[PDB]
file start-v7.pdb (PDB, C-alpha atoms)
ATOM      1  CA  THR P 645       0.000   0.000   0.000  1.00  0.00           C
ATOM      2  CA  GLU P 646       2.888   2.395   0.819  1.00  0.00           C
ATOM      3  CA  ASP P 647       5.896   0.642  -0.771  1.00  0.00           C
ATOM      4  CA  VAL P 648       7.137   2.539  -3.855  1.00  0.00           C
ATOM      5  CA  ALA P 649       8.618  -0.447  -5.739  1.00  0.00           C
ATOM      6  CA  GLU P 650       5.344  -2.360  -5.255  1.00  0.00           C
ATOM      7  CA  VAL P 651       3.118   0.584  -6.250  1.00  0.00           C
ATOM      8  CA  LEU P 652       5.124   0.905  -9.479  1.00  0.00           C
ATOM      9  CA  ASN P 653       4.885  -2.882  -9.949  1.00  0.00           C
ATOM     10  CA  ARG P 654       1.078  -2.679  -9.780  1.00  0.00           C
ATOM     11  CA  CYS P 655       1.068   0.196 -12.308  1.00  0.00           C
ATOM     12  CA  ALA P 656       3.195  -1.918 -14.674  1.00  0.00           C
ATOM     13  CA  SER P 657       0.880  -4.948 -14.336  1.00  0.00           C
ATOM     14  CA  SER P 658      -0.712  -6.472 -17.435  1.00  0.00           C
ATOM     15  CA  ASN P 659      -3.872  -6.739 -15.297  1.00  0.00           C
ATOM     16  CA  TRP P 660      -6.132  -3.647 -15.361  1.00  0.00           C
ATOM     17  CA  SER P 661      -7.449  -4.117 -11.803  1.00  0.00           C
ATOM     18  CA  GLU P 662      -3.864  -4.097 -10.527  1.00  0.00           C
ATOM     19  CA  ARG P 663      -2.996  -0.992 -12.577  1.00  0.00           C
ATOM     20  CA  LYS P 664      -6.021   0.738 -11.026  1.00  0.00           C
ATOM     21  CA  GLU P 665      -4.886  -0.219  -7.511  1.00  0.00           C
ATOM     22  CA  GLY P 666      -1.342   0.950  -8.333  1.00  0.00           C
ATOM     23  CA  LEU P 667      -2.586   4.363  -9.506  1.00  0.00           C
ATOM     24  CA  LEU P 668      -4.590   4.731  -6.278  1.00  0.00           C
ATOM     25  CA  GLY P 669      -1.384   3.918  -4.352  1.00  0.00           C
ATOM     26  CA  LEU P 670       0.638   6.335  -6.493  1.00  0.00           C
ATOM     27  CA  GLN P 671      -1.931   9.112  -6.037  1.00  0.00           C
ATOM     28  CA  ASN P 672      -1.680   8.563  -2.279  1.00  0.00           C
ATOM     29  CA  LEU P 673       2.153   8.645  -2.433  1.00  0.00           C
ATOM     30  CA  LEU P 674       1.963  11.978  -4.271  1.00  0.00           C
ATOM     31  CA  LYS P 675      -0.649  13.476  -1.910  1.00  0.00           C
ATOM     32  CA  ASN P 676       1.449  12.367   1.090  1.00  0.00           C
ATOM     33  CA  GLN P 677       4.572  13.796  -0.617  1.00  0.00           C
ATOM     34  CA  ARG P 678       6.311  10.419  -0.349  1.00  0.00           C
ATOM     35  CA  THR P 679       9.370  11.277  -2.417  1.00  0.00           C
ATOM     36  CA  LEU P 680      10.836   9.121  -5.169  1.00  0.00           C
ATOM     37  CA  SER P 681      14.474   8.310  -5.859  1.00  0.00           C
ATOM     38  CA  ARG P 682      15.975   9.175  -9.248  1.00  0.00           C
ATOM     39  CA  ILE P 683      15.725   5.629 -10.655  1.00  0.00           C
ATOM     40  CA  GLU P 684      12.194   5.282  -9.251  1.00  0.00           C
ATOM     41  CA  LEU P 685      11.148   8.464 -11.080  1.00  0.00           C
ATOM     42  CA  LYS P 686      12.854   7.179 -14.239  1.00  0.00           C
ATOM     43  CA  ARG P 687      10.926   3.891 -13.943  1.00  0.00           C
ATOM     44  CA  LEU P 688       7.651   5.764 -13.319  1.00  0.00           C
ATOM     45  CA  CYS P 689       8.226   7.899 -16.431  1.00  0.00           C
ATOM     46  CA  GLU P 690       8.731   4.676 -18.405  1.00  0.00           C
ATOM     47  CA  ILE P 691       5.499   3.238 -16.970  1.00  0.00           C
ATOM     48  CA  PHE P 692       3.617   6.465 -17.765  1.00  0.00           C
ATOM     49  CA  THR P 693       4.976   6.524 -21.335  1.00  0.00           C
ATOM     50  CA  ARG P 694       3.357   3.109 -21.897  1.00  0.00           C
ATOM     51  CA  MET P 695       0.232   4.163 -19.963  1.00  0.00           C
ATOM     52  CA  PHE P 696      -0.524   6.651 -22.752  1.00  0.00           C
ATOM     53  CA  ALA P 697      -1.520   3.555 -24.746  1.00  0.00           C
ATOM     54  CA  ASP P 698      -3.476   1.851 -21.923  1.00  0.00           C
ATOM     55  CA  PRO P 699      -6.396  -0.072 -23.489  1.00  0.00           C
ATOM     56  CA  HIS P 700      -8.597   0.082 -20.379  1.00  0.00           C
ATOM     57  CA  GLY P 701     -10.782   3.207 -20.199  1.00  0.00           C
ATOM     58  CA  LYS P 702     -10.966   3.478 -16.399  1.00  0.00           C
ATOM     59  CA  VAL P 703      -7.223   2.953 -15.930  1.00  0.00           C
ATOM     60  CA  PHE P 704      -6.449   5.546 -18.633  1.00  0.00           C
ATOM     61  CA  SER P 705      -8.759   8.210 -17.159  1.00  0.00           C
ATOM     62  CA  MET P 706      -7.272   7.583 -13.697  1.00  0.00           C
ATOM     63  CA  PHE P 707      -3.791   7.891 -15.253  1.00  0.00           C
ATOM     64  CA  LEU P 708      -4.668  11.293 -16.760  1.00  0.00           C
ATOM     65  CA  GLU P 709      -5.853  12.469 -13.318  1.00  0.00           C
ATOM     66  CA  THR P 710      -2.686  11.220 -11.612  1.00  0.00           C
ATOM     67  CA  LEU P 711      -0.542  13.142 -14.149  1.00  0.00           C
ATOM     68  CA  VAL P 712      -1.720  16.466 -12.690  1.00  0.00           C
ATOM     69  CA  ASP P 713      -0.305  15.638  -9.241  1.00  0.00           C
ATOM     70  CA  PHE P 714       2.764  13.961 -10.749  1.00  0.00           C
ATOM     71  CA  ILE P 715       3.644  16.986 -12.873  1.00  0.00           C
ATOM     72  CA  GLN P 716       2.971  19.420  -9.995  1.00  0.00           C
ATOM     73  CA  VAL P 717       5.200  17.499  -7.554  1.00  0.00           C
ATOM     74  CA  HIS P 718       8.093  16.573  -9.879  1.00  0.00           C
ATOM     75  CA  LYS P 719       8.179  19.301 -12.585  1.00  0.00           C
ATOM     76  CA  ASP P 720      11.753  20.337 -11.597  1.00  0.00           C
ATOM     77  CA  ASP P 721      13.016  16.825 -12.352  1.00  0.00           C
ATOM     78  CA  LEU P 722      10.938  16.107 -15.489  1.00  0.00           C
ATOM     79  CA  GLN P 723      12.633  18.210 -18.191  1.00  0.00           C
ATOM     80  CA  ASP P 724      14.109  15.168 -19.969  1.00  0.00           C
ATOM     81  CA  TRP P 725      10.665  13.513 -20.016  1.00  0.00           C
ATOM     82  CA  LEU P 726       8.925  16.664 -21.266  1.00  0.00           C
ATOM     83  CA  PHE P 727       9.124  15.743 -24.973  1.00  0.00           C
ATOM     84  CA  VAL P 728       7.221  12.516 -24.266  1.00  0.00           C
ATOM     85  CA  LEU P 729       4.698  14.091 -21.874  1.00  0.00           C
ATOM     86  CA  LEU P 730       3.758  16.988 -24.149  1.00  0.00           C
ATOM     87  CA  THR P 731       3.714  15.179 -27.501  1.00  0.00           C
ATOM     88  CA  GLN P 732       1.771  12.187 -26.168  1.00  0.00           C
ATOM     89  CA  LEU P 733      -0.804  14.517 -24.588  1.00  0.00           C
ATOM     90  CA  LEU P 734      -1.210  16.374 -27.895  1.00  0.00           C
ATOM     91  CA  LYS P 735      -1.728  13.073 -29.724  1.00  0.00           C
ATOM     92  CA  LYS P 736      -4.383  12.117 -27.135  1.00  0.00           C
ATOM     93  CA  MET P 737      -5.954  15.577 -27.461  1.00  0.00           C
ATOM     94  CA  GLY P 738      -6.143  15.003 -31.230  1.00  0.00           C
ATOM     95  CA  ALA P 739      -7.515  11.452 -30.952  1.00  0.00           C
ATOM     96  CA  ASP P 740     -11.177  12.598 -30.624  1.00  0.00           C
ATOM     97  CA  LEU P 741     -11.748  10.982 -27.215  1.00  0.00           C
ATOM     98  CA  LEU P 742     -15.056  11.272 -25.350  1.00  0.00           C
ATOM     99  CA  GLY P 743     -15.849  14.668 -23.803  1.00  0.00           C
ATOM    100  CA  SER P 744     -15.131  13.612 -20.210  1.00  0.00           C
ATOM    101  CA  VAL P 745     -11.734  12.166 -21.186  1.00  0.00           C
ATOM    102  CA  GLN P 746     -10.799  15.146 -23.424  1.00  0.00           C
ATOM    103  CA  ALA P 747     -11.320  17.407 -20.401  1.00  0.00           C
ATOM    104  CA  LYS P 748      -8.700  15.378 -18.492  1.00  0.00           C
ATOM    105  CA  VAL P 749      -6.197  15.602 -21.377  1.00  0.00           C
ATOM    106  CA  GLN P 750      -6.802  19.352 -21.665  1.00  0.00           C
ATOM    107  CA  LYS P 751      -6.275  19.686 -17.903  1.00  0.00           C
ATOM    108  CA  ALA P 752      -3.001  17.733 -18.084  1.00  0.00           C
ATOM    109  CA  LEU P 753      -1.914  19.961 -20.997  1.00  0.00           C
ATOM    110  CA  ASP P 754      -2.765  23.113 -19.014  1.00  0.00           C
ATOM    111  CA  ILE P 755      -0.758  21.858 -16.019  1.00  0.00           C
ATOM    112  CA  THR P 756       2.177  20.990 -18.324  1.00  0.00           C
ATOM    113  CA  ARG P 757       2.059  24.426 -19.960  1.00  0.00           C
ATOM    114  CA  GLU P 758       2.362  26.255 -16.628  1.00  0.00           C
ATOM    115  CA  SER P 759       4.905  23.851 -15.089  1.00  0.00           C
ATOM    116  CA  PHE P 760       7.875  23.954 -17.507  1.00  0.00           C
ATOM    117  CA  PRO P 761      10.171  26.585 -19.070  1.00  0.00           C
ATOM    118  CA  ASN P 762       8.545  28.191 -22.119  1.00  0.00           C
ATOM    119  CA  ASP P 763      11.545  27.980 -24.489  1.00  0.00           C
ATOM    120  CA  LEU P 764      11.908  24.222 -23.856  1.00  0.00           C
ATOM    121  CA  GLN P 765       8.169  23.664 -24.452  1.00  0.00           C
ATOM    122  CA  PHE P 766       8.312  25.782 -27.612  1.00  0.00           C
ATOM    123  CA  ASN P 767      11.316  23.903 -29.020  1.00  0.00           C
ATOM    124  CA  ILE P 768       9.538  20.572 -28.555  1.00  0.00           C
ATOM    125  CA  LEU P 769       6.526  22.057 -30.332  1.00  0.00           C
ATOM    126  CA  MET P 770       8.598  23.192 -33.323  1.00  0.00           C
ATOM    127  CA  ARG P 771      10.164  19.730 -33.784  1.00  0.00           C
ATOM    128  CA  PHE P 772       6.781  18.012 -33.270  1.00  0.00           C
ATOM    129  CA  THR P 773       5.131  20.186 -35.946  1.00  0.00           C
ATOM    130  CA  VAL P 774       7.706  19.041 -38.533  1.00  0.00           C
ATOM    131  CA  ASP P 775       8.146  15.511 -37.103  1.00  0.00           C
ATOM    132  CA  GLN P 776       8.640  13.265 -40.138  1.00  0.00           C
ATOM    133  CA  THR P 777       8.270   9.881 -38.376  1.00  0.00           C
ATOM    134  CA  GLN P 778       4.453  10.263 -38.360  1.00  0.00           C
ATOM    135  CA  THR P 779       1.560  11.939 -40.204  1.00  0.00           C
ATOM    136  CA  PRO P 780      -0.774  13.948 -37.909  1.00  0.00           C
ATOM    137  CA  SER P 781      -4.543  13.943 -38.401  1.00  0.00           C
ATOM    138  CA  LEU P 782      -6.496  17.196 -38.717  1.00  0.00           C
ATOM    139  CA  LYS P 783      -7.416  17.077 -35.001  1.00  0.00           C
ATOM    140  CA  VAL P 784      -3.802  16.479 -33.875  1.00  0.00           C
ATOM    141  CA  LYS P 785      -2.829  19.576 -35.915  1.00  0.00           C
ATOM    142  CA  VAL P 786      -5.589  21.590 -34.218  1.00  0.00           C
ATOM    143  CA  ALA P 787      -4.357  20.501 -30.766  1.00  0.00           C
ATOM    144  CA  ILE P 788      -0.698  21.311 -31.565  1.00  0.00           C
ATOM    145  CA  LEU P 789      -1.694  24.739 -32.925  1.00  0.00           C
ATOM    146  CA  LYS P 790      -4.023  25.654 -30.042  1.00  0.00           C
ATOM    147  CA  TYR P 791      -1.225  24.787 -27.611  1.00  0.00           C
ATOM    148  CA  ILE P 792       1.344  26.887 -29.543  1.00  0.00           C
ATOM    149  CA  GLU P 793      -1.085  29.804 -29.537  1.00  0.00           C
ATOM    150  CA  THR P 794      -1.656  29.576 -25.762  1.00  0.00           C
ATOM    151  CA  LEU P 795       2.088  29.172 -25.089  1.00  0.00           C
ATOM    152  CA  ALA P 796       2.758  32.257 -27.226  1.00  0.00           C
ATOM    153  CA  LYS P 797       0.532  34.328 -24.905  1.00  0.00           C
ATOM    154  CA  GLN P 798       2.799  33.512 -21.942  1.00  0.00           C
ATOM    155  CA  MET P 799       6.226  33.450 -23.650  1.00  0.00           C
ATOM    156  CA  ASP P 800       9.076  35.945 -23.613  1.00  0.00           C
ATOM    157  CA  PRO P 801       9.895  37.472 -27.040  1.00  0.00           C
ATOM    158  CA  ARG P 802      13.387  35.876 -27.005  1.00  0.00           C
ATOM    159  CA  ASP P 803      11.891  32.392 -26.616  1.00  0.00           C
ATOM    160  CA  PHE P 804      11.058  32.703 -30.325  1.00  0.00           C
ATOM    161  CA  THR P 805      14.048  32.838 -32.699  1.00  0.00           C
ATOM    162  CA  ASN P 806      14.579  32.690 -36.468  1.00  0.00           C
ATOM    163  CA  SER P 807      16.292  29.300 -36.691  1.00  0.00           C
ATOM    164  CA  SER P 808      16.084  26.503 -39.284  1.00  0.00           C
ATOM    165  CA  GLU P 809      13.688  24.349 -37.216  1.00  0.00           C
ATOM    166  CA  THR P 810      11.396  27.273 -36.373  1.00  0.00           C
ATOM    167  CA  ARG P 811      11.557  28.381 -40.017  1.00  0.00           C
ATOM    168  CA  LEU P 812      10.674  24.810 -41.065  1.00  0.00           C
ATOM    169  CA  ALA P 813       7.744  24.783 -38.602  1.00  0.00           C
ATOM    170  CA  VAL P 814       6.275  28.181 -39.521  1.00  0.00           C
ATOM    171  CA  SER P 815       6.341  27.098 -43.205  1.00  0.00           C
ATOM    172  CA  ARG P 816       4.078  24.129 -42.430  1.00  0.00           C
ATOM    173  CA  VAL P 817       1.715  26.377 -40.449  1.00  0.00           C
ATOM    174  CA  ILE P 818       1.402  28.862 -43.367  1.00  0.00           C
ATOM    175  CA  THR P 819      -0.023  26.167 -45.663  1.00  0.00           C
ATOM    176  CA  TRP P 820      -2.240  24.695 -42.926  1.00  0.00           C
ATOM    177  CA  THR P 821      -3.813  28.174 -42.891  1.00  0.00           C
ATOM    178  CA  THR P 822      -5.343  27.469 -46.316  1.00  0.00           C
ATOM    179  CA  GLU P 823      -6.472  23.971 -45.217  1.00  0.00           C
ATOM    180  CA  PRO P 824      -9.662  23.068 -47.169  1.00  0.00           C
ATOM    181  CA  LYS P 825     -10.526  19.964 -45.099  1.00  0.00           C
ATOM    182  CA  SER P 826     -10.780  21.878 -41.812  1.00  0.00           C
ATOM    183  CA  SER P 827     -11.978  25.356 -40.875  1.00  0.00           C
ATOM    184  CA  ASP P 828     -10.564  24.510 -37.429  1.00  0.00           C
ATOM    185  CA  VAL P 829      -7.026  24.097 -38.779  1.00  0.00           C
ATOM    186  CA  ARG P 830      -7.536  27.342 -40.753  1.00  0.00           C
ATOM    187  CA  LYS P 831      -8.439  29.396 -37.664  1.00  0.00           C
ATOM    188  CA  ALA P 832      -5.843  27.675 -35.456  1.00  0.00           C
ATOM    189  CA  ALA P 833      -2.982  28.265 -37.920  1.00  0.00           C
ATOM    190  CA  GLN P 834      -3.890  31.947 -38.372  1.00  0.00           C
ATOM    191  CA  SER P 835      -4.035  32.522 -34.618  1.00  0.00           C
ATOM    192  CA  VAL P 836      -0.614  30.831 -34.315  1.00  0.00           C
ATOM    193  CA  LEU P 837       0.918  33.050 -37.028  1.00  0.00           C
ATOM    194  CA  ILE P 838      -0.786  36.115 -35.524  1.00  0.00           C
ATOM    195  CA  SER P 839       0.415  35.341 -31.983  1.00  0.00           C
ATOM    196  CA  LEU P 840       4.024  34.657 -33.048  1.00  0.00           C
ATOM    197  CA  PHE P 841       4.046  37.891 -35.083  1.00  0.00           C
ATOM    198  CA  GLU P 842       2.706  39.927 -32.142  1.00  0.00           C
ATOM    199  CA  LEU P 843       5.102  38.173 -29.737  1.00  0.00           C
ATOM    200  CA  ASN P 844       8.294  39.058 -31.618  1.00  0.00           C
ATOM    201  CA  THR P 845       7.636  41.206 -34.698  1.00  0.00           C
ATOM    202  CA  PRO P 846      11.256  41.846 -35.841  1.00  0.00           C
ATOM    203  CA  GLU P 847      12.324  38.193 -35.453  1.00  0.00           C
ATOM    204  CA  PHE P 848       9.158  37.079 -37.276  1.00  0.00           C
ATOM    205  CA  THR P 849       9.778  39.590 -40.084  1.00  0.00           C
ATOM    206  CA  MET P 850      13.271  38.084 -40.467  1.00  0.00           C
ATOM    207  CA  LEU P 851      11.672  34.602 -40.519  1.00  0.00           C
ATOM    208  CA  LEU P 852       9.280  35.571 -43.352  1.00  0.00           C
ATOM    209  CA  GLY P 853      12.147  37.164 -45.310  1.00  0.00           C
ATOM    210  CA  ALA P 854      14.019  33.848 -45.284  1.00  0.00           C
ATOM    211  CA  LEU P 855      10.992  32.072 -46.817  1.00  0.00           C
ATOM    212  CA  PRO P 856      10.003  31.732 -50.517  1.00  0.00           C
ATOM    213  CA  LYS P 857       7.551  34.213 -52.108  1.00  0.00           C
ATOM    214  CA  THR P 858       4.746  31.661 -51.605  1.00  0.00           C
ATOM    215  CA  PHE P 859       4.816  31.415 -47.784  1.00  0.00           C
ATOM    216  CA  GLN P 860       5.864  35.062 -47.409  1.00  0.00           C
ATOM    217  CA  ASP P 861       2.921  36.581 -49.316  1.00  0.00           C
ATOM    218  CA  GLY P 862       0.472  33.964 -47.991  1.00  0.00           C
ATOM    219  CA  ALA P 863       1.274  35.149 -44.471  1.00  0.00           C
ATOM    220  CA  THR P 864       1.325  38.794 -45.644  1.00  0.00           C
ATOM    221  CA  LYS P 865      -2.375  38.601 -46.610  1.00  0.00           C
ATOM    222  CA  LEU P 866      -3.168  37.422 -43.061  1.00  0.00           C
ATOM    223  CA  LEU P 867      -0.878  39.727 -41.052  1.00  0.00           C
ATOM    224  CA  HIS P 868      -2.456  42.831 -42.620  1.00  0.00           C
ATOM    225  CA  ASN P 869      -3.484  44.629 -40.571  1.00  0.00           C
TER     226      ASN P 869
END
call {"tool": "encode", "arguments": {"input": "start-v7.pdb", "output": "structure tokens"}}
result
Amino acid sequence: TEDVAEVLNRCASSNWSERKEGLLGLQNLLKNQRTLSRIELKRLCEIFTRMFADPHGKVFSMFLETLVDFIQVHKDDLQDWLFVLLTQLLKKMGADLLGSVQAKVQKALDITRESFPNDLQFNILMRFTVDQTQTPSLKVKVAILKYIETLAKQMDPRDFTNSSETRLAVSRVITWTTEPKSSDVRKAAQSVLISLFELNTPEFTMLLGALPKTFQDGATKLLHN
């Protein structure tokens, strides 16, 4: 009930009932601020990575709820796991889950967004936007874009720089702004381009300048006024 190794064992169980009991134990450990060692935290991150694909609905919803406490308690020590946390949550957010479950993903995303350095979050988001080892659905794109937009409202101007990756990401967004299959992508992409422009105008102007006449003018029609 209070042993860390055993709680993590129950979370890693192939049996759903045991995973449920483990998450209850883990939640208790977090509420009681029972601290984890470094290798315990590493093991828990590995368990949670797999939990993103948990086939049992109750276990998965309980996992999403536990994430809030987990992130809040261990955010200082979770920077190396941030890529996995954020990208997996955005995939879940774009998977068209039931309303009640989407709320829990959104909540976990909101907690993430306020718990980690902005530049680090932003850099993960730029790489994820271009990520070539996968092909995002329309709803995954929406979720990525909405998150960018919200992150842009809390960022420092110098968190956004004219680099190759950020240039490669903004290019993709430009075209997604003309997206015929989804009005939601359209509005989300525009808001992203708008927010990044208003965040750091000069650095965004430099970005546009280093793009072909297609992306440059396409964005120009939007950014006026």
call {"tool": "resolve_selection", "arguments": {"input": "start-v7.pdb", "expression": "the PyMOL selection byres ((chain P and resi 845-862) around 10)", "output": "PyMOL selection string"}}
result
chain P and resi 801-802+804-808+810-812+814-819+821-822+837-844+863-867
call {"tool": "atom_distance", "arguments": {"input": "start-v7.pdb", "atom1": "atom CA of residue 796 of chain P", "atom2": "atom CA of residue 724 of chain P"}}
result
21.8 Å
call {"tool": "atom_distance", "arguments": {"input": "start-v7.pdb", "atom1": "atom CA of residue 771 of chain P", "atom2": "atom CA of residue 788 of chain P"}}
result
11.2 Å
call {"tool": "closest_residue", "arguments": {"input": "start-v7.pdb", "among": "P:766, P:692, P:791, P:714", "to": "residue 836 of chain P", "atoms": "all atoms listed in the file"}}
result
P:791
call {"tool": "closest_residue", "arguments": {"input": "start-v7.pdb", "among": "P:731, P:671, P:778, P:762", "to": "residue 749 of chain P", "atoms": "all atoms listed in the file"}}
result
P:731
call {"tool": "resolve_selection", "arguments": {"input": "start-v7.pdb", "expression": "the PyMOL selection byres ((chain P and resi 712) around 10)", "output": "PyMOL selection string"}}
result
chain P and resi 671+707-711+713-717+748-749+751-756
call {"tool": "closest_residue", "arguments": {"input": "start-v7.pdb", "among": "P:745, P:832, P:726, P:739", "to": "residue 767 of chain P", "atoms": "only C-alpha atoms"}}
result
P:726
call {"tool": "atom_distance", "arguments": {"input": "start-v7.pdb", "atom1": "atom CA of residue 723 of chain P", "atom2": "atom CA of residue 760 of chain P"}}
result
7.5 Å
call {"tool": "resolve_selection", "arguments": {"input": "start-v7.pdb", "expression": "the PyMOL selection byres ((chain P and resi 691) around 12)", "output": "PyMOL selection string"}}
result
chain P and resi 651-658+663+666-667+670+684-690+692-698+707+711+725+728-729
call {"tool": "write_last_selection", "arguments": {"input": "start-v7.pdb", "atoms": "C-alpha atoms", "output": "PDB file, keeping the file's coordinate frame"}}
result
ATOM      1  CA  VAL P 651       3.118   0.584  -6.250  1.00  0.00           C
ATOM      2  CA  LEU P 652       5.124   0.905  -9.479  1.00  0.00           C
ATOM      3  CA  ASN P 653       4.885  -2.882  -9.949  1.00  0.00           C
ATOM      4  CA  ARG P 654       1.078  -2.679  -9.780  1.00  0.00           C
ATOM      5  CA  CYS P 655       1.068   0.196 -12.308  1.00  0.00           C
ATOM      6  CA  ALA P 656       3.195  -1.918 -14.674  1.00  0.00           C
ATOM      7  CA  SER P 657       0.880  -4.948 -14.336  1.00  0.00           C
ATOM      8  CA  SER P 658      -0.712  -6.472 -17.435  1.00  0.00           C
ATOM      9  CA  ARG P 663      -2.996  -0.992 -12.577  1.00  0.00           C
ATOM     10  CA  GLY P 666      -1.342   0.950  -8.333  1.00  0.00           C
ATOM     11  CA  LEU P 667      -2.586   4.363  -9.506  1.00  0.00           C
ATOM     12  CA  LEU P 670       0.638   6.335  -6.493  1.00  0.00           C
ATOM     13  CA  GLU P 684      12.194   5.282  -9.251  1.00  0.00           C
ATOM     14  CA  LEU P 685      11.148   8.464 -11.080  1.00  0.00           C
ATOM     15  CA  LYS P 686      12.854   7.179 -14.239  1.00  0.00           C
ATOM     16  CA  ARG P 687      10.926   3.891 -13.943  1.00  0.00           C
ATOM     17  CA  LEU P 688       7.651   5.764 -13.319  1.00  0.00           C
ATOM     18  CA  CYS P 689       8.226   7.899 -16.431  1.00  0.00           C
ATOM     19  CA  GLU P 690       8.731   4.676 -18.405  1.00  0.00           C
ATOM     20  CA  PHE P 692       3.617   6.465 -17.765  1.00  0.00           C
ATOM     21  CA  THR P 693       4.976   6.524 -21.335  1.00  0.00           C
ATOM     22  CA  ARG P 694       3.357   3.109 -21.897  1.00  0.00           C
ATOM     23  CA  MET P 695       0.232   4.163 -19.963  1.00  0.00           C
ATOM     24  CA  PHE P 696      -0.524   6.651 -22.752  1.00  0.00           C
ATOM     25  CA  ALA P 697      -1.520   3.555 -24.746  1.00  0.00           C
ATOM     26  CA  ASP P 698      -3.476   1.851 -21.923  1.00  0.00           C
ATOM     27  CA  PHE P 707      -3.791   7.891 -15.253  1.00  0.00           C
ATOM     28  CA  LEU P 711      -0.542  13.142 -14.149  1.00  0.00           C
ATOM     29  CA  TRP P 725      10.665  13.513 -20.016  1.00  0.00           C
ATOM     30  CA  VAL P 728       7.221  12.516 -24.266  1.00  0.00           C
ATOM     31  CA  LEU P 729       4.698  14.091 -21.874  1.00  0.00           C
TER      32      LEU P 729
END
call {"tool": "closest_residue", "arguments": {"input": "start-v7.pdb", "among": "P:646, P:740, P:763, P:662", "to": "residue 782 of chain P", "atoms": "only C-alpha atoms"}}
result
P:740
